[PDB]
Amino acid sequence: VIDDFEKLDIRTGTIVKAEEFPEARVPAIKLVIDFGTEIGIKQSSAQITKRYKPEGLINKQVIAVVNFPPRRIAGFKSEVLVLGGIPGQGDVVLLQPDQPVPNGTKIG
């Protein structure tokens, strides 16, 4: 199962913009995330409306799989899969590092 894990590119990023996605059928927040200079500035549509509001996400470090294939949600290109614990259906508790790390830090 090591090689399954090593194929993934799991990285830290900081949210720099967040917006409710009212055009979407399933409630979501559009995220712009700084993954540092090399991975770059990336987008994500995240179903995190239960616990979070846009203003409270700005400047938050998050953990994402950055080598997933992208997917367009009602016009919006979602490039990165932001990870969370799922305590219940439609519930997400975002993962974070327990203290600040540089954007684009590799998870292992």
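Residue indices: 1-based, along the sequence shown.
For the two regions 22 to 30 and 78 to 86, the entry's Cα B-factors average higher over 22 to 30. Mean C-alpha B-factor is higher over 45 to 53 than over the other stretch, the pair under comparison being 31 to 39 and 45 to 53. When the modelled residues of the chain are ordered by their C-alpha B factor, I107 lands in the lowest third. Ranked within its chain, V101 lands in the middle third, by CA B factor from the PDB record.
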